[PDB]
Amino acid sequence: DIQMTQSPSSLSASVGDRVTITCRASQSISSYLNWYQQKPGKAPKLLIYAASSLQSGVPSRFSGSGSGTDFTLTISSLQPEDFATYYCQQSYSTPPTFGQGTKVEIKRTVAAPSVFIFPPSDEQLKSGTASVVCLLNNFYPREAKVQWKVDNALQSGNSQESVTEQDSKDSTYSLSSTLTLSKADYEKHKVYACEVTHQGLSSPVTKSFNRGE
Amino acid sequence: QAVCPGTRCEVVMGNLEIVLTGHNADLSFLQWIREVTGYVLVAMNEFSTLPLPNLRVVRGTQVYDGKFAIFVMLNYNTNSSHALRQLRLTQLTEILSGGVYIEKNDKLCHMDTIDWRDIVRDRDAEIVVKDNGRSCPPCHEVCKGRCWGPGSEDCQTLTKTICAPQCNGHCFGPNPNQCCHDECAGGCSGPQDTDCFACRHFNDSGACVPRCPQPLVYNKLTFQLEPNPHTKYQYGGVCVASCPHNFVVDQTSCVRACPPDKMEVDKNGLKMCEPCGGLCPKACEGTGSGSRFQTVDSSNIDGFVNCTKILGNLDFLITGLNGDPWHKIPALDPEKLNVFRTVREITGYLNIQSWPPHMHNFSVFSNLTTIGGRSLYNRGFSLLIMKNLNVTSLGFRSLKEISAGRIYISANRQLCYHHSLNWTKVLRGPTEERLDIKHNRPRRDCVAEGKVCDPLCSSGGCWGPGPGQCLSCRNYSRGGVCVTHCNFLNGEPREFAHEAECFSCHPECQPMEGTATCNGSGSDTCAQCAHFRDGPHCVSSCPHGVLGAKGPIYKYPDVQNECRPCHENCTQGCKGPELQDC
Amino acid sequence: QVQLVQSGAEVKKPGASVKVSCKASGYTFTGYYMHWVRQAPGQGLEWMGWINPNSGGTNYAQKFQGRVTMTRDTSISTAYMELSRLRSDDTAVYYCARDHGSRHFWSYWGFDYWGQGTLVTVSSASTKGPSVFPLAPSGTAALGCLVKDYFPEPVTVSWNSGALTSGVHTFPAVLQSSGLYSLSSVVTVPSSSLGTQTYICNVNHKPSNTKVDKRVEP
Ligand SMILES: *[C@@H]1O[C@H](CO)[C@@H](O[C@@H]2O[C@H](CO)[C@@H](O[C@@H]3O[C@H](CO)[C@@H](O)[C@H](O)[C@@H]3O)[C@H](O)[C@H]2NC(C)=O)[C@H](O)[C@H]1NC(C)=O
Ligand SMILES: *[C@@H]1O[C@H](CO)[C@@H](O)[C@H](O)[C@H]1NC(C)=O
Ligand SMILES: *[C@@H]1O[C@H](CO)[C@@H](O)[C@H](O)[C@H]1NC(C)=O
Ligand SMILES: *[C@@H]1O[C@H](CO)[C@@H](O)[C@H](O)[C@H]1NC(C)=O
Ligand SMILES: *[C@@H]1O[C@H](CO)[C@@H](O)[C@H](O)[C@H]1NC(C)=O
Ligand SMILES: *[C@@H]1O[C@H](CO)[C@@H](O)[C@H](O)[C@H]1NC(C)=O
Ligand SMILES: *[C@@H]1O[C@H](CO)[C@@H](O)[C@H](O)[C@H]1NC(C)=O
Ligand SMILES: *[C@@H]1O[C@H](CO)[C@@H](O)[C@H](O)[C@H]1NC(C)=O
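Residue numbers (the authors' numbering), protein chains in the order written: chain A, 1 to 213; chain C, 26 to 32, 55 to 629; chain B, 1 to 138, 145 to 224.
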């Protein structure tokens with residue numbers, strides 16, 4: 001189906017840089033390749049069609065090049081409106097195919113997360129469930145590491161994380177790891193803690209609390 | 026190569064004109080010159096000596112000032128240290144036509160001593176030598192007052208001979224025993240053909256001959272024309288075994304470019320161009336991206352005439368055919384489309400999006416055979432035929448190879464004959480998703496109207512109806528057209544077969560009734576000769592003057608019509624083996 | 001102007017059928033082909049098929065060919081796509097896009113105008129309202151709410167009916183193994199105001215008609 005390969009998967013670049021994403025075709029596809037921009041949660045926007053032709057409305061900094069197999073979408077001097085996800089589409093074969101998509105991210109200095117821990121509420125304990133939340137707020141880069149320790153015991157297969165996109169101003173992420181437990185397990189052990197490992201931290205920070213205290 | 030044109056070198060094809068060249072120029076590249084066809088012209092020069100130690104003949108096929116084959120004049124300067132002093136022609140011998148004009152050369156010596164009546168063969172040619180050198184020293188004592196310089200080796204002259212009226216104008220002596228050879232332009236040193244100074248016609252390895260060795264020599268062992276391993280070709284008045292490295296052979300002579308009725312071909316080292324089998328190739332411009340024209344219109348169609356190989360592509364859009372009334376263009380005349388019947392190969396692609404309604408078949412592309420696909424019209428297609436609504440069949444009856452690309456044939460709601468085509472046989476390589484055939488005329492309709500591939504075609508398919516439209520036949524074929532039989536035992540031309548293709552027998556085979564006539568194309572494959580038998584070969588007339596290795600061969604016909612060599616002492620040929628028949 | 005409007009969000013059970021519409025306006029509807037592209041949550045794009053809005057010709061992808069029927073209604077300029085034989089892997093946001101060429105053979109199949117996107121959630125779970133549980137703090147304080155166990159997406163969380171917007175971070179909903187979504191919404195506030203100002207989070211779940219408020223005290 002002429003599967004498209006985009007490179008790189010993710011990209012960290014600042015405002016004013018020249019960025020370059022590469023869409024590689026499995027077979028020769030002449031010059032039938034398009035480019036798209038998708039704001040998170042919004043409908044995709046057509047940037048360049050026919051490998052190089054610029055769609056009406058798109059600024060002059062957007063330019064495409066290449067033919068056959070190796071294509072390239074080059075934009076010069078990044079602008080705040082241009083931080084989104086970009087896909088390449090082939091129109092050569094009868095089944096069209098899109099790439100995996102490159103996500104350009106705002107470059108930023110390393111910021112440490114503000115770690116907060118939250119015991120489960122009493123209204124939730126009446127239902128028969130306990131959810132412990134470990135918060136990582138306004139940090140950079142995106143990768144973090146959250147490990148739970150219930151009385152110095154490593155947990156697995158029972159916690160889930162969620163990450164927010166880059167903020168429009170300070171360009172920092174936010175992550176929350178929720179540990180879902182039954183009330184029977186929560187009433188067993190005293191000390192709960194999440195261990196956060198990040199680049200912005202000099203050593204893995206651990207926030208702890210005790211049941212009832 | 027010892028020959029060099031006129032207007055390192057031994058022969059000069061043209062005039063040798065030396066003017067204005069400086070004093071310090073190395074004139075030694077003229078050391079090997081032997082013969083000059085045109086005239087010799089030396090003027091306005093400043094060097095001291097002319098050196099021609101090997102020059103022997105100036106034929107003077109062209110005279111300057113209407114009278115002279117040698118013209119030397121005013122080779123000096125007025126207020127500098129450069130002027131001509133000597134003409135060193137220690138081996139010069141003869142001039143065939145014209146006179147000699149030497150005048151106003153301030154310090155040219157020894158010209159008054161050499162008798163001019165010897166070199167020039169025209170008696171009443173004007174020979175004048177005045178106001179030349181001044182204080183010239185006398186000629187050397189060894190030379191008897193007949194020299195070209197003060198040296199003791201620069202004095203030939205002599206050669207003067209009277210003649211008997213029998214030899215007319217070409218002789219080496221006065222006695223009746225002293226006629227030069229027939230092939231000698233002027234004088235000779237002996238009766239032989241290798242002793243003459245210049246040849247009337249050609250010089251081959253030292254001898255004067257009428258013509259150079261012929262490419263074909265009759266061989267009395269094979270009773271047939273056979274190639275000659277000691278051949279020579281015509282380059283001017285010199286027989287050479289190989290033309291100059293840039294040249295090409297025409298028939299038996301060398302030429303820089305073959306005439307337009309022949310095309311330069313290489314035959315195992317030797318480059319000669321044969322006559323074209325009808326007409327000669329020619330490359331012309333394409334059409335589309337990379338060409339000058341968006342389409343083929345009435346303003347570019349005349350330039351495609353007589354073209355054989357289209358370096359590019361062909362676009363047939365509606366605007367080119369129907370004209371463009373917005374930008375004044377004449378609509379193309381449809382009967383002029385027949386200029387494409389000469390096309391054989393298309394380098395890139397073929398795009399057809401509109402065709403005249405009265406033409407239901409593309410028969411104007413009959414002799415088209417190859418579509419390379421090095422460039423593609425649109426999406427990866429080397430062949431595009433769309434929205435052609437009033438077209439019945441294709442008609443590419445000699446199309447055999449689409450080297451690369453893909454094929455688009457759709458929306459031709461009246462096209463048939465394309466259904467059973469083995470596209471693997473034409474397009475080379477994968478057929479995985481390289482065929483776009485849809486929305487045409489359905490199979491259900493073509494079979495009902497009787498528009499399927501003719502049952503005379505193989506399992507590959509056909510481009511249309513009839514015999515001459517098959518890819519491959521089920522039995523035989525002739526002239527790109529399938530048949531049921533060759534004309535073996537009867538027919539207008541008696542024919543034979545070679546890998547399922549009929550070829551006409553040799554015309555000298557006798558037409559046999561009820562049995563096979565010939566095995567192959569040569570005359571050694573007839574079962575019986577129609578006229579005469581020259582050994583195993585059938586001939587129209589017996590050998591009567593053919594050139595052999597030992598001499599001309601003369602033969603006579605038998606009562607059973609078999610040529611046999613006549614006795615060694617006939618001249619005018621023979622009507623029989625006896626001496627009375629010469 | 002050219003604008004494509006799609007139908008509302010749909011929630012189906014594994015095995016049913018969904019027929020999403022795409023109302024076109026602002027151009028010659030029969031002049032340009034209509035493409036259908038879906039995108040799984042947090043995944044790439046996937047082309048399904050195009051429709052010739054003038055002749056009615058279709059061209060479905062081999063993966064979907066057999067259980068997708070896309071049609072047209074030229075009297076109202078509307079295109080329909082009916083994906084039957086639903087699975088849990090068919091949960092995606094289905095966009096409708098317009099081909100940028102009137103003559104399709106010379107088109108480069110570039111989509112210049114898109115719809116707003118129709119979310120189609122296909123899961124075996126049943127429509128359940130959300131449970132709101134507070135997350136109390138423990145210089146700078148941090149608090150939030152926990153919207154746990156609901157179906158289907160989406161929920162709208164706003165603090166103080168929209169009065170407080172500084173520092174609000176509403177995390178994307180994570181899909182649990184039970185088939186329900188869990189969602190957290192934390193806000194950072196000065197520790198001085200912790201106790202002098204009321205902080206209330208407001209959750210609205212349209213599919214279950216659930217509107218719940220919740221105060222958050224230490
Ligand atoms: C046809 O052309 C050939 C080659 O151009 C001629 O062969 C040449 O024959 C002459 C004798 O007639 C040889 O000349 C000799 O040269 C020496 C200097 O090397 C000179 O001092 C002698 O007095 C003598 O003249 C010459 O070597 C020879 N050339 C070659 C390459 O073998 C031939 O004479 C020509 N025939 C006619 C009819 O013009
Ligand atoms: C010739 O040359 C000399 C010196 O080189 C110069 O004085 C004289 O004028 C020249 N005359 C002519 C006619 O060139
Ligand atoms: C094409 O070649 C033939 C050769 O016989 C000639 O007669 C004809 O005039 C040529 N065509 C044109 C347009 O000159
Ligand atoms: C083209 O085909 C015709 C047969 O219709 C033939 O007479 C003609 O000689 C061919 N032309 C060439 C250049 O072979
Ligand atoms: C092909 O064209 C010739 C032109 O004379 C016509 O006689 C013949 O019927 C045509 N055949 C088809 C199948 O269109
Ligand atoms: C073919 O030409 C005839 C002209 O006599 C016309 O009536 C007919 O409609 C044409 N067919 C198509 C498919 O255009
Ligand atoms: C023609 O088609 C047959 C199958 O019907 C195949 O076996 C054969 O190879 C094809 N011809 C060529 C030249 O490939
Ligand atoms: C040649 O023709 C005969 C009779 O027409 C037929 O039986 C035979 O199969 C043909 N040759 C081939 C290779 O099919």
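Even for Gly, the Cβ is constructed at its ideal location relative to N, Cα and C.
Interface annotation for the segment 17-35 of chain A against chain C: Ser28, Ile29, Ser30, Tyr32, criterion Cβ-Cβ distance under 9 Å.
A Cβ-Cβ separation of about 6 Å places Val312/C in contact with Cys320/C under the 8 Å criterion.
Spanning the alpha carbons of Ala179/B and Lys154/B requires a straight line of approximately 9 Å. Here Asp219/B is actually not in contact with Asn210/B; their C-beta atoms are around 10 Å apart, not less than 8 Å. The contact set of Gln160/A on chain B, defined by CB atoms closer than 8 Å, consists of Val180, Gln182, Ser188 in chain order. Distances between the C-beta of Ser422/C and the heavy atoms of ligand 5 are all 6 Å or more. Secondary structure at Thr366/C: helix, using DSSP grouped into helix, strand and coil. Cα atoms of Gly66/B and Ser345/C: separation of roughly 50 Å, rounded to the nearest angstrom. Relative to the non-hydrogen atoms of ligand 3, the Cβ of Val287/C never comes closer than 6 Å to any of them.
In the three-state reduction of the DSSP assignment, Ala544/C falls in the strand class, which pools E and B.
Burial state of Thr97/A is buried, judged by a 10 Å Cβ sphere holding 16 or more other Cβ atoms. With the criterion set as a beta carbon lying under 7 Å from some beta carbon of chain B, the members of the segment 55-67 of chain A are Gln55, in sequence order. The criterion of a C-beta distance shorter than 7 Å is satisfied by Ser121/A and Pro134/B. Proximity of the beta carbon of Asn126/C to ligand 2 is indicated: a heavy atom of the ligand is located closer than 6 Å.
In this structure, ligand 6 has a non-hydrogen atom nearer than 6 Å to the beta-carbon of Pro404/C. Burial state of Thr102/A is buried, judged by a 10 Å Cβ sphere holding 16 or more other Cβ atoms.
With a cutoff of 6 Å, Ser413/C counts as near ligand 4, since its C-beta is closer than that to a heavy atom of the ligand. The shortest C-alpha to C-alpha distance from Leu518/C to any of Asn537/C, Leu441/C, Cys556/C is the one to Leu441/C.
A distance of 7 Å or more separates the beta carbons of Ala51/A and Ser63/A. Relative to ligand 8, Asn566/C has its C-beta separated by 6 Å or more from all heavy atoms. Residue-level contact by beta carbon holds for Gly101/A and chain B, with a gap shorter than 7 Å.
When C-alpha distances from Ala144/A are compared across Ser114/A, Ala130/A, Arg24/A, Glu123/A, the shortest belongs to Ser114/A. Within the same chain, and ignoring the five residues on either side of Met433/C in sequence, the residues whose Cβ sits closer than 7 Å to its Cβ are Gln400, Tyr455, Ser457, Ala458.
Per DSSP, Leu200/B lies in no alpha helix (DSSP H) and is assigned neither H nor E. For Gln89/A, the beta-bridge partners assigned by DSSP are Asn34/A, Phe98/A. Residue pairing of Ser131/B in beta bridges, as defined by DSSP: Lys154/B. For the pair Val37/B and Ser131/A, the Cα-to-Cα distance works out to about 38 Å. Rounded to the nearest whole angstrom, the C-alpha separation of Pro381/C and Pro403/C is 7 Å. Between the C-alpha atoms of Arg580/C and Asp571/C there is a straight-line separation of about 10 Å. Looking at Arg475/C, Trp510/C, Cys202/C, the one whose alpha-carbon comes closest to that of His466/C is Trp510/C. Here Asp169/C carries a coil assignment [DSSP, helix/strand/coil].
Within the DSSP bridge table, the entry for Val196/A names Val146/A, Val205/A as partners. When the Cα atoms are used, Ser21/B and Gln6/B turn out to be separated by approximately 6 Å.
Residues of chain C whose Cβ lies closer than 8 Å to the Cβ of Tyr92/A are, in chain order, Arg426, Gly427. Using beta-carbon distances, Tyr49/A counts as an interface residue toward chain B, with a partner under 7 Å. Using a Cβ distance threshold of 7 Å, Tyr601/C and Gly620/C count as a contacting pair.
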